[PDB]
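Undergrad: based on what follows, work out the 3D shape:
(one chain, ligands or ions: 3)
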Amino acid sequence: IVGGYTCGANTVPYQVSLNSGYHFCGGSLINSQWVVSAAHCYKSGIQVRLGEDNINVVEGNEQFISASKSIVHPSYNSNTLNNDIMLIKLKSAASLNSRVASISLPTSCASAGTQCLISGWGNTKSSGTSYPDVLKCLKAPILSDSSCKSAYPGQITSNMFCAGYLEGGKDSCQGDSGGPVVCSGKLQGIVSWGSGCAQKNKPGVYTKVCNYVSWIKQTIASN
Ligand SMILES: NCc1cccc(-n2cccn2)c1
Ligand SMILES: [Ca+2]
Ligand SMILES: [Cl-]
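TA: Numbering: from 1, shown residues only. Ligands and ions are numbered 1, 2, ... in the order given. Next comes the structure:
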């Protein structure tokens, strides 16, 4: 997250870190057994880390649970990033508590102008590289479809939206991938892609979760 703020320990209780020897992507806990992330974050041998603040220090609220299964969306295209969504099942159920909690799925799509919270452990500089240990947060609005399309001609599908600031300065970045965009208490986006971070006229692009709710529910119901 570029241009954000330190969230505070365990104030984003659905935020998880995906770890394969090291943090590599965010995700969002959606029930005691299942995490939402980006398909471009797929790999084997994922450990899900819940209850994290400083991802380099054991601080006492973590739960580390290995993935039993990953499911990439059936229509994911890695070239265009269309349908950039996967589900990860945990080998055992998380203990839910005030610091480790699921985030509700949307019941309708959010509109442009809606305020959202974006979070992660990704890069905090727009030029240069600096990775934070503790979780960073950014309040940002969803942008209109038309300004998203004009920012990225030929690249925005009906399964993507833009959020952030056309002026630049405040955006998600590398390492935030797969993490949440939550608006009015619902998971409306997943950190997906952008051309650099925090550049003018290049806002972040997010997977449009409300398009996927019936696939998420029926996948969970049979797996
Ligand atoms: N600024 C949005 C964004 C989201 C996710 C990843 C990136 N990124 C990948 C390489 C560099 N930045 C950017
Ligand atoms: Ca920790
Ligand atoms: Cl792309």
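Undergrad: hey, let's count contacts and neighbours off CA atoms from now on
TA: Fine.
Undergrad: domains in the chain, as residue ranges please.
TA: As assigned by curated CATH domains, the chain contains the domains 1-12+103-210, 13-102+211-222.
Undergrad: so how far is the first residue of the last one from its last?
TA: Across domain 13-102+211-222, the straight-line distance between its terminal residues is 26 Å, by Cα to Cα, to the nearest Å.
Undergrad: do the longest one as well
TA: Using Cα to Cα, the span of domain 1-12+103-210 from its first residue to its last is 23 Å.
Undergrad: near ligand 2 at all, it?
TA: No - applying Cα under 5 Å from the ion, one finds domain 1-12+103-210 separated from ligand 2 by no less than 8.4 Å.
Undergrad: what's the neighbour count on residue 187?
TA: 29 (other Cα atoms under 10 Å).
Undergrad: residues touching residue 85, list them.
TA: By Cα atoms under 8 Å, 6 or more residues apart in numbering, the contact set of residue 85 is 36-40, 72-73, 76, 178, 190, 207.
Undergrad: closest to residue 152 out of these?
TA: Using Cα to Cα, residue 207 comes nearest to residue 152 of the contacts of residue 85, at 14.8 Å.
Undergrad: isn't that closest one up against residue 181?
TA: No - Residue 207 is beyond contact range of residue 181, at 9.3 Å (criterion: Cα atoms under 8 Å).
Undergrad: what touches both of those two?
TA: Residues touching both residue 207 and residue 181 (Cα under 8 Å, 6+ apart) are 189-191.
Undergrad: which one of these is nearest residue 110?
TA: residue 189 (9.6 Å).
Undergrad: for the closest one, name its beta-bridge partners.
TA: residue 181, residue 208 (DSSP bridges).
Undergrad: same thing with residue 31?
TA: residue 34.
Undergrad: so can I have JSON lines of the contacts of residue 85 showing distance to ligand 1 and neighbour count?
TA: JSON lines is the format used below for the contacts of residue 85 (distance: Cα to the nearest ligand atom, whole Å; neighbours: other Cα atoms under 10 Å):
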{"residue": "36", "distance to ligand 1": "15", "neighbour count": "26"}
{"residue": "37", "distance to ligand 1": "12", "neighbour count": "29"}
{"residue": "38", "distance to ligand 1": "10", "neighbour count": "29"}
{"residue": "39", "distance to ligand 1": "12", "neighbour count": "24"}
{"residue": "40", "distance to ligand 1": "10", "neighbour count": "20"}
{"residue": "72", "distance to ligand 1": "18", "neighbour count": "18"}
{"residue": "73", "distance to ligand 1": "18", "neighbour count": "18"}
{"residue": "76", "distance to ligand 1": "16", "neighbour count": "17"}
{"residue": "178", "distance to ligand 1": "8", "neighbour count": "32"}
{"residue": "190", "distance to ligand 1": "9", "neighbour count": "29"}
{"residue": "207", "distance to ligand 1": "11", "neighbour count": "29"}
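Undergrad: export these as TSV, with columns for secondary structure.
TA: Formatted as TSV, the contacts of residue 85 follow (DSSP: H, G, I helix; E, B strand; the rest coil):
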residue	secondary structure
36	strand
37	strand
38	coil
39	helix
40	helix
72	strand
73	coil
76	coil
178	coil
190	strand
207	strand
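Undergrad: show me what contacts the most centrally placed residue in the chain?
TA: Note on the chain: the residue nearest the mean C-alpha position is residue 179, at 1.6 Å, using Cα atoms, centre = their mean. The neighbours of residue 179, taking Cα under 8 Å, 6+ apart as the test, are 15-16, 25-28, 37-38, 118-120, 190-191.
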